[PDB]
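Source file: my_file.txt; contents: compact mmCIF, N, CA, C and O atoms.
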# COMPACT_ATOMS: atom_id res chain seq x y z
N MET A 1 -51.17 -0.75 -28.30
CA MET A 1 -51.53 -1.57 -27.12
C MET A 1 -51.64 -0.68 -25.88
O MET A 1 -50.79 0.18 -25.65
N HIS A 2 -52.70 -0.87 -25.11
CA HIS A 2 -52.90 -0.12 -23.87
C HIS A 2 -53.17 -1.10 -22.74
O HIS A 2 -54.04 -1.96 -22.85
N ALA A 3 -52.43 -0.97 -21.65
CA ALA A 3 -52.51 -1.93 -20.56
C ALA A 3 -53.40 -1.43 -19.43
O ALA A 3 -53.69 -0.24 -19.34
N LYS A 4 -53.83 -2.35 -18.59
CA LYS A 4 -54.66 -2.03 -17.44
C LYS A 4 -54.36 -3.01 -16.31
O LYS A 4 -54.02 -4.16 -16.56
N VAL A 5 -54.46 -2.54 -15.08
CA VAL A 5 -54.18 -3.38 -13.92
C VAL A 5 -55.44 -4.15 -13.51
O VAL A 5 -56.55 -3.63 -13.59
N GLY A 6 -55.24 -5.39 -13.10
CA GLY A 6 -56.36 -6.24 -12.75
C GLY A 6 -56.80 -7.06 -13.94
O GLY A 6 -57.78 -7.81 -13.87
N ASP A 7 -56.05 -6.94 -15.01
CA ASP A 7 -56.36 -7.64 -16.26
C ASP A 7 -55.20 -8.52 -16.64
O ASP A 7 -54.14 -8.45 -16.03
N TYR A 8 -55.39 -9.35 -17.64
CA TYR A 8 -54.38 -10.31 -18.01
C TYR A 8 -53.73 -9.95 -19.34
O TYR A 8 -54.38 -9.41 -20.24
N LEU A 9 -52.46 -10.26 -19.44
CA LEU A 9 -51.68 -9.96 -20.62
C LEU A 9 -51.56 -11.19 -21.50
O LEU A 9 -51.43 -12.32 -20.99
N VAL A 10 -51.66 -10.95 -22.80
CA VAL A 10 -51.52 -11.98 -23.83
C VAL A 10 -50.54 -11.49 -24.89
O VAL A 10 -50.40 -10.29 -25.10
N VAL A 11 -49.86 -12.42 -25.54
CA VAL A 11 -49.00 -12.11 -26.67
C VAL A 11 -49.27 -13.11 -27.79
O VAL A 11 -49.69 -14.23 -27.52
N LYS A 12 -49.06 -12.67 -29.04
CA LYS A 12 -49.14 -13.55 -30.21
C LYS A 12 -50.59 -13.82 -30.64
O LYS A 12 -51.48 -14.02 -29.81
N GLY A 13 -50.79 -13.79 -31.96
CA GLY A 13 -52.03 -14.26 -32.54
C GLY A 13 -53.22 -13.34 -32.34
O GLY A 13 -54.25 -13.76 -31.82
N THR A 14 -53.10 -12.09 -32.78
CA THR A 14 -54.22 -11.15 -32.68
C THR A 14 -55.35 -11.54 -33.63
O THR A 14 -56.49 -11.10 -33.48
N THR A 15 -55.04 -12.39 -34.61
CA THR A 15 -56.03 -12.91 -35.54
C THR A 15 -57.02 -13.82 -34.80
O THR A 15 -58.10 -14.13 -35.30
N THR A 16 -56.63 -14.22 -33.59
CA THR A 16 -57.43 -15.09 -32.74
C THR A 16 -57.39 -16.53 -33.23
O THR A 16 -58.23 -16.98 -34.01
N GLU A 17 -56.35 -17.23 -32.80
CA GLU A 17 -56.20 -18.66 -33.03
C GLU A 17 -55.35 -19.22 -31.90
O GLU A 17 -55.80 -20.06 -31.12
N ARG A 18 -54.14 -18.71 -31.79
CA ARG A 18 -53.23 -19.11 -30.73
C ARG A 18 -52.78 -17.88 -29.93
O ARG A 18 -52.00 -17.06 -30.41
N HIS A 19 -53.32 -17.75 -28.73
CA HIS A 19 -52.95 -16.65 -27.84
C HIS A 19 -52.01 -17.16 -26.76
O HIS A 19 -52.42 -17.94 -25.89
N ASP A 20 -50.77 -16.71 -26.79
CA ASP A 20 -49.76 -17.17 -25.84
C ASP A 20 -49.40 -16.07 -24.85
O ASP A 20 -50.12 -15.09 -24.73
N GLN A 21 -48.29 -16.30 -24.14
CA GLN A 21 -47.73 -15.38 -23.15
C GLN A 21 -48.82 -14.71 -22.30
O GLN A 21 -49.28 -13.62 -22.60
N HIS A 22 -49.21 -15.41 -21.24
CA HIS A 22 -50.33 -14.98 -20.40
C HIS A 22 -49.86 -14.72 -18.97
O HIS A 22 -48.96 -15.40 -18.49
N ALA A 23 -50.50 -13.75 -18.32
CA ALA A 23 -50.32 -13.51 -16.87
C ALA A 23 -51.22 -12.40 -16.39
O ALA A 23 -51.93 -11.79 -17.18
N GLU A 24 -51.19 -12.12 -15.10
CA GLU A 24 -51.97 -11.02 -14.55
C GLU A 24 -51.11 -9.79 -14.37
O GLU A 24 -50.04 -9.84 -13.76
N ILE A 25 -51.59 -8.69 -14.92
CA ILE A 25 -50.93 -7.41 -14.77
C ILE A 25 -51.45 -6.72 -13.51
O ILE A 25 -52.59 -6.22 -13.49
N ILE A 26 -50.64 -6.76 -12.46
CA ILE A 26 -50.98 -6.11 -11.20
C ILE A 26 -50.16 -4.84 -11.02
O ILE A 26 -50.51 -3.96 -10.24
N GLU A 27 -49.06 -4.76 -11.76
CA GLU A 27 -48.18 -3.60 -11.73
C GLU A 27 -47.82 -3.20 -13.15
O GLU A 27 -47.09 -3.91 -13.84
N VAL A 28 -48.32 -2.06 -13.57
CA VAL A 28 -48.08 -1.59 -14.92
C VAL A 28 -46.96 -0.56 -14.92
O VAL A 28 -47.08 0.50 -14.31
N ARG A 29 -45.85 -0.89 -15.58
CA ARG A 29 -44.71 0.02 -15.65
C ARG A 29 -44.83 0.95 -16.85
O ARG A 29 -43.84 1.36 -17.44
N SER A 30 -46.06 1.29 -17.19
CA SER A 30 -46.33 2.21 -18.28
C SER A 30 -47.60 2.99 -17.98
O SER A 30 -48.49 2.49 -17.29
N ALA A 31 -47.67 4.21 -18.46
CA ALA A 31 -48.85 5.03 -18.28
C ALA A 31 -49.87 4.73 -19.37
O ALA A 31 -51.04 5.08 -19.26
N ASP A 32 -49.42 4.06 -20.42
CA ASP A 32 -50.26 3.77 -21.57
C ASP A 32 -50.19 2.30 -21.96
O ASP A 32 -51.14 1.55 -21.75
N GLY A 33 -49.06 1.87 -22.50
CA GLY A 33 -48.93 0.50 -22.96
C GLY A 33 -47.59 0.22 -23.59
O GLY A 33 -47.47 0.14 -24.81
N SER A 34 -46.58 0.08 -22.75
CA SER A 34 -45.24 -0.23 -23.21
C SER A 34 -44.52 -1.10 -22.18
O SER A 34 -44.56 -0.82 -20.99
N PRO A 35 -43.87 -2.19 -22.64
CA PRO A 35 -43.09 -3.07 -21.77
C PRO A 35 -41.91 -2.34 -21.11
O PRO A 35 -41.47 -1.30 -21.59
N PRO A 36 -41.37 -2.89 -20.01
CA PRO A 36 -41.82 -4.16 -19.43
C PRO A 36 -43.00 -4.00 -18.48
O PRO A 36 -43.49 -2.90 -18.24
N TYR A 37 -43.46 -5.13 -17.95
CA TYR A 37 -44.56 -5.14 -17.00
C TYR A 37 -44.20 -6.01 -15.81
O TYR A 37 -43.38 -6.93 -15.94
N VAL A 38 -44.79 -5.73 -14.66
CA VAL A 38 -44.63 -6.61 -13.52
C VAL A 38 -45.85 -7.50 -13.45
O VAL A 38 -46.99 -7.03 -13.30
N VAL A 39 -45.61 -8.77 -13.59
CA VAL A 39 -46.66 -9.71 -13.89
C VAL A 39 -46.68 -10.85 -12.87
O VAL A 39 -45.64 -11.22 -12.31
N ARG A 40 -47.86 -11.36 -12.60
CA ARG A 40 -48.01 -12.49 -11.71
C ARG A 40 -48.55 -13.69 -12.46
O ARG A 40 -49.53 -13.58 -13.21
N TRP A 41 -47.92 -14.83 -12.27
CA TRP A 41 -48.46 -16.08 -12.73
C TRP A 41 -49.41 -16.59 -11.66
O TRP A 41 -48.96 -17.11 -10.64
N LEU A 42 -50.70 -16.42 -11.85
CA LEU A 42 -51.67 -16.74 -10.80
C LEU A 42 -51.98 -18.22 -10.80
O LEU A 42 -51.83 -18.90 -9.79
N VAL A 43 -52.41 -18.71 -11.95
CA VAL A 43 -52.77 -20.09 -12.10
C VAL A 43 -51.52 -20.96 -12.19
O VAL A 43 -51.60 -22.19 -12.24
N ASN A 44 -50.38 -20.30 -12.23
CA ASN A 44 -49.11 -20.99 -12.17
C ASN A 44 -48.55 -20.91 -10.75
O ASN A 44 -48.41 -21.93 -10.07
N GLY A 45 -48.23 -19.70 -10.30
CA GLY A 45 -47.84 -19.51 -8.92
C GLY A 45 -46.46 -18.88 -8.75
O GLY A 45 -45.54 -19.54 -8.29
N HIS A 46 -46.32 -17.60 -9.13
CA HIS A 46 -45.09 -16.85 -8.87
C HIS A 46 -45.20 -15.42 -9.38
O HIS A 46 -46.00 -15.14 -10.27
N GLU A 47 -44.40 -14.52 -8.82
CA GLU A 47 -44.38 -13.12 -9.25
C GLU A 47 -43.06 -12.82 -9.95
O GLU A 47 -42.04 -13.43 -9.64
N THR A 48 -43.08 -11.88 -10.90
CA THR A 48 -41.87 -11.52 -11.63
C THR A 48 -42.11 -10.34 -12.57
O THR A 48 -43.20 -9.79 -12.63
N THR A 49 -41.06 -9.97 -13.26
CA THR A 49 -41.11 -8.90 -14.26
C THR A 49 -40.71 -9.47 -15.62
O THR A 49 -39.64 -10.05 -15.75
N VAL A 50 -41.58 -9.31 -16.61
CA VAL A 50 -41.36 -9.96 -17.90
C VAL A 50 -41.43 -8.98 -19.07
O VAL A 50 -41.98 -7.88 -18.95
N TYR A 51 -40.85 -9.40 -20.19
CA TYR A 51 -40.94 -8.66 -21.44
C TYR A 51 -41.80 -9.45 -22.43
O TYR A 51 -41.35 -10.46 -22.96
N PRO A 52 -43.03 -9.00 -22.68
CA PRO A 52 -43.91 -9.61 -23.68
C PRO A 52 -43.45 -9.30 -25.10
O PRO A 52 -42.44 -8.60 -25.29
N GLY A 53 -44.18 -9.78 -26.09
CA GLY A 53 -43.78 -9.57 -27.47
C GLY A 53 -44.84 -8.90 -28.31
O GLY A 53 -45.70 -8.20 -27.78
N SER A 54 -44.79 -9.13 -29.61
CA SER A 54 -45.73 -8.53 -30.54
C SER A 54 -47.12 -9.15 -30.39
O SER A 54 -47.26 -10.27 -29.90
N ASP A 55 -48.14 -8.41 -30.81
CA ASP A 55 -49.53 -8.88 -30.79
C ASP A 55 -50.01 -9.08 -29.36
O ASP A 55 -50.73 -10.03 -29.06
N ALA A 56 -49.63 -8.16 -28.49
CA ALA A 56 -50.03 -8.21 -27.09
C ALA A 56 -51.48 -7.75 -26.92
O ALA A 56 -51.86 -6.68 -27.41
N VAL A 57 -52.27 -8.56 -26.23
CA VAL A 57 -53.69 -8.30 -26.04
C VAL A 57 -54.02 -8.34 -24.54
O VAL A 57 -53.23 -8.84 -23.75
N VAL A 58 -55.18 -7.81 -24.16
CA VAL A 58 -55.59 -7.80 -22.75
C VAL A 58 -56.85 -8.65 -22.56
O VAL A 58 -57.89 -8.39 -23.16
N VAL A 59 -56.74 -9.68 -21.72
CA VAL A 59 -57.83 -10.58 -21.45
C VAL A 59 -58.31 -10.47 -20.00
O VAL A 59 -57.76 -9.72 -19.20
N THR A 60 -59.33 -11.25 -19.69
CA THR A 60 -59.91 -11.28 -18.35
C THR A 60 -59.81 -12.68 -17.72
O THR A 60 -59.12 -13.55 -18.26
N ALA A 61 -60.49 -12.87 -16.59
CA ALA A 61 -60.37 -14.06 -15.75
C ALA A 61 -60.44 -15.40 -16.51
O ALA A 61 -59.58 -16.26 -16.31
N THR A 62 -61.43 -15.58 -17.37
CA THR A 62 -61.63 -16.89 -17.99
C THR A 62 -60.53 -17.21 -18.99
O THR A 62 -60.05 -18.34 -19.07
N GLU A 63 -60.12 -16.19 -19.72
CA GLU A 63 -59.08 -16.33 -20.71
C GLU A 63 -57.75 -16.61 -20.00
O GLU A 63 -56.77 -17.04 -20.61
N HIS A 64 -57.74 -16.33 -18.71
CA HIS A 64 -56.56 -16.47 -17.88
C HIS A 64 -56.32 -17.91 -17.40
O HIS A 64 -55.20 -18.35 -17.42
N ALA A 65 -57.33 -18.64 -16.97
CA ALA A 65 -57.08 -19.89 -16.23
C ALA A 65 -56.20 -20.86 -17.04
O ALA A 65 -55.00 -21.01 -16.79
N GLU A 66 -56.82 -21.44 -18.03
CA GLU A 66 -56.18 -22.46 -18.86
C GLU A 66 -55.03 -21.87 -19.69
O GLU A 66 -53.89 -22.37 -19.69
N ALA A 67 -55.33 -20.77 -20.36
CA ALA A 67 -54.41 -20.16 -21.28
C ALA A 67 -53.19 -19.59 -20.58
O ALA A 67 -52.11 -19.59 -21.14
N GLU A 68 -53.34 -19.11 -19.34
CA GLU A 68 -52.20 -18.55 -18.62
C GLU A 68 -51.30 -19.64 -18.11
O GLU A 68 -50.10 -19.46 -18.03
N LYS A 69 -51.86 -20.78 -17.74
CA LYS A 69 -51.01 -21.92 -17.39
C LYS A 69 -50.04 -22.22 -18.54
O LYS A 69 -48.80 -22.08 -18.39
N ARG A 70 -50.58 -22.56 -19.70
CA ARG A 70 -49.75 -22.95 -20.83
C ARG A 70 -48.90 -21.77 -21.34
O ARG A 70 -47.70 -21.90 -21.58
N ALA A 71 -49.54 -20.62 -21.46
CA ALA A 71 -48.90 -19.47 -22.07
C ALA A 71 -47.94 -18.75 -21.14
O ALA A 71 -47.15 -17.94 -21.59
N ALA A 72 -48.02 -19.00 -19.84
CA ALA A 72 -47.02 -18.48 -18.92
C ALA A 72 -45.77 -19.32 -19.03
O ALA A 72 -44.66 -18.80 -18.95
N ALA A 73 -45.96 -20.62 -19.22
CA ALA A 73 -44.84 -21.49 -19.55
C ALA A 73 -44.17 -21.02 -20.84
O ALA A 73 -42.97 -21.22 -21.04
N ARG A 74 -44.96 -20.39 -21.72
CA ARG A 74 -44.43 -19.76 -22.93
C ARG A 74 -43.70 -18.44 -22.62
O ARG A 74 -42.52 -18.29 -22.92
N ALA A 75 -44.43 -17.49 -22.01
CA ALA A 75 -43.93 -16.15 -21.69
C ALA A 75 -42.72 -16.18 -20.76
O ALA A 75 -41.61 -15.81 -21.14
N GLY A 76 -42.94 -16.66 -19.54
CA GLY A 76 -41.92 -16.57 -18.51
C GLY A 76 -40.92 -17.70 -18.57
O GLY A 76 -40.35 -18.10 -17.56
N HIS A 77 -40.70 -18.22 -19.77
CA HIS A 77 -39.70 -19.25 -19.97
C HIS A 77 -38.34 -18.59 -20.14
O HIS A 77 -37.30 -19.20 -19.88
N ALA A 78 -38.37 -17.34 -20.57
CA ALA A 78 -37.17 -16.55 -20.78
C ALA A 78 -37.51 -15.07 -20.61
O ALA A 78 -38.64 -14.73 -20.25
N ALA A 79 -36.53 -14.20 -20.86
CA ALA A 79 -36.72 -12.74 -20.76
C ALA A 79 -37.01 -12.30 -19.33
O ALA A 79 -37.39 -11.15 -19.09
N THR A 80 -36.81 -13.20 -18.38
CA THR A 80 -36.99 -12.89 -16.98
C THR A 80 -35.65 -12.56 -16.34
O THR A 80 -35.50 -11.45 -15.78

As structure tokens, please, write out the structure in this file.
Amino acid sequence: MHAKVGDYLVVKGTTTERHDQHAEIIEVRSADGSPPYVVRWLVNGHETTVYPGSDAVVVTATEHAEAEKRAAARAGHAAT
């Protein structure tokens, strides 16, 4: 996994069915791709530092709106 700033983080379901744990990566605490990350819930509304899980993927704006609402409730429910 390799992270990038200005992009969105996803966890779970690399097979592409259920993509959870969503947010915007504005601060990458890795030079390549290793947790933790400083993440913003944009479509939710808060900043924090979270620990994602396995099957972490990088998405863009559209994958962020709906999916980050639900999947941030998934991600930032704990490990904060």

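Proximity of A:76, A:36, A:45, A:6 to residue 21 (chain A), computed with all atoms listed in the file, is greatest for A:76.
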
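Residues of protein, DNA or RNA having at least one counted atom within 7 Å of (-48.7, -8.3, -10.6), given only N, CA, C and O atoms, are residues 24, 25, 26, 27, 28, 38, 39, 40, 41, 47 and 48 of chain A.
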
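Nearest to residue 3 (chain A) of all the residues A:58, A:23, A:50, A:79 is A:58, based on all atoms listed in the file.
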
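Excluding residue 1 (chain A) itself and same-chain residues fewer than 2 positions from it, the residues having an atom within 6 Å of it are residues 3, 32, 33, 34 and 56 of chain A, counting only N, CA, C and O atoms.
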
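Minimum atom-to-atom distances from A:77, A:35, A:63, A:57 to residue 11 (chain A) were compared using all atoms listed in the file, and the lowest value belongs to A:57.
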
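Here the residues within region 39-77 of chain A that DSSP labels strand (DSSP E) on the basis of the backbone are residues 39, 40, 41, 46, 47, 48, 49, 50, 57, 58 and 59 of chain A.
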
If you keep N, CA, C and O atoms, can you produce a file of those selected residues as a compact mmCIF listing (two decimals), keeping the file's coordinate frame?
# COMPACT_ATOMS: atom_id res chain seq x y z
N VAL A 39 -45.61 -8.77 -13.59
CA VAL A 39 -46.66 -9.71 -13.89
C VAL A 39 -46.68 -10.85 -12.87
O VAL A 39 -45.64 -11.22 -12.31
N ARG A 40 -47.86 -11.36 -12.60
CA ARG A 40 -48.01 -12.49 -11.71
C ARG A 40 -48.55 -13.69 -12.46
O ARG A 40 -49.53 -13.58 -13.21
N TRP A 41 -47.92 -14.83 -12.27
CA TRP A 41 -48.46 -16.08 -12.73
C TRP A 41 -49.41 -16.59 -11.66
O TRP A 41 -48.96 -17.11 -10.64
N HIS A 46 -46.32 -17.60 -9.13
CA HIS A 46 -45.09 -16.85 -8.87
C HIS A 46 -45.20 -15.42 -9.38
O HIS A 46 -46.00 -15.14 -10.27
N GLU A 47 -44.40 -14.52 -8.82
CA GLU A 47 -44.38 -13.12 -9.25
C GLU A 47 -43.06 -12.82 -9.95
O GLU A 47 -42.04 -13.43 -9.64
N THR A 48 -43.08 -11.88 -10.90
CA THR A 48 -41.87 -11.52 -11.63
C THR A 48 -42.11 -10.34 -12.57
O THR A 48 -43.20 -9.79 -12.63
N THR A 49 -41.06 -9.97 -13.26
CA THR A 49 -41.11 -8.90 -14.26
C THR A 49 -40.71 -9.47 -15.62
O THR A 49 -39.64 -10.05 -15.75
N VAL A 50 -41.58 -9.31 -16.61
CA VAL A 50 -41.36 -9.96 -17.90
C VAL A 50 -41.43 -8.98 -19.07
O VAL A 50 -41.98 -7.88 -18.95
N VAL A 57 -52.27 -8.56 -26.23
CA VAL A 57 -53.69 -8.30 -26.04
C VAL A 57 -54.02 -8.34 -24.54
O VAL A 57 -53.23 -8.84 -23.75
N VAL A 58 -55.18 -7.81 -24.16
CA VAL A 58 -55.59 -7.80 -22.75
C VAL A 58 -56.85 -8.65 -22.56
O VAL A 58 -57.89 -8.39 -23.16
N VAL A 59 -56.74 -9.68 -21.72
CA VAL A 59 -57.83 -10.58 -21.45
C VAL A 59 -58.31 -10.47 -20.00
O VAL A 59 -57.76 -9.72 -19.20

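Residues of chain A carrying a DSSP assignment of alpha helix (DSSP H), computed from the backbone, are residues 61, 62, 63, 64, 65, 66, 67, 68, 69, 70, 71, 72, 73, 74 and 75 of chain A.
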
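Distance-wise, CA of residue 8 (chain A) and CA of residue 64 (chain A) end up 6.5 Å apart.
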
Computed gap from CA of residue 19 (chain A) to CA of residue 46 (chain A) is 20.5 Å

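We find atom C of residue 72 (chain A) and atom N of residue 10 (chain A) to be spaced 10.9 Å apart.
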
When distances are computed from all atoms listed in the file, which of A:66, A:80, A:31, A:12 shows the smallest separation from residue 53 (chain A)? A:12

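Residues with any atom within 6 Å of residue 69 (chain A), counting all atoms listed in the file and excluding same-chain neighbours fewer than 5 positions away, are residues 43, 44, 64 and 74 of chain A.
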
Once you have the residues from the selection above, write them out as a JSON list (two decimals), keeping the file's coordinate frame, restricted to N, CA, C and O atoms.
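What landed in out-v4.json:
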[["chain", "number", "residue", "atom", "x", "y", "z"],
["A", 43, "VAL", "N", -52.41, -18.71, -11.95],
["A", 43, "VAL", "CA", -52.77, -20.09, -12.10],
["A", 43, "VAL", "C", -51.52, -20.96, -12.19],
["A", 43, "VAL", "O", -51.60, -22.19, -12.24],
["A", 44, "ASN", "N", -50.38, -20.30, -12.23],
["A", 44, "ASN", "CA", -49.11, -20.99, -12.17],
["A", 44, "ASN", "C", -48.55, -20.91, -10.75],
["A", 44, "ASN", "O", -48.41, -21.93, -10.07],
["A", 64, "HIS", "N", -57.74, -16.33, -18.71],
["A", 64, "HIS", "CA", -56.56, -16.47, -17.88],
["A", 64, "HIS", "C", -56.32, -17.91, -17.40],
["A", 64, "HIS", "O", -55.20, -18.35, -17.42],
["A", 74, "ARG", "N", -44.96, -20.39, -21.72],
["A", 74, "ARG", "CA", -44.43, -19.76, -22.93],
["A", 74, "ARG", "C", -43.70, -18.44, -22.62],
["A", 74, "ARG", "O", -42.52, -18.29, -22.92]]
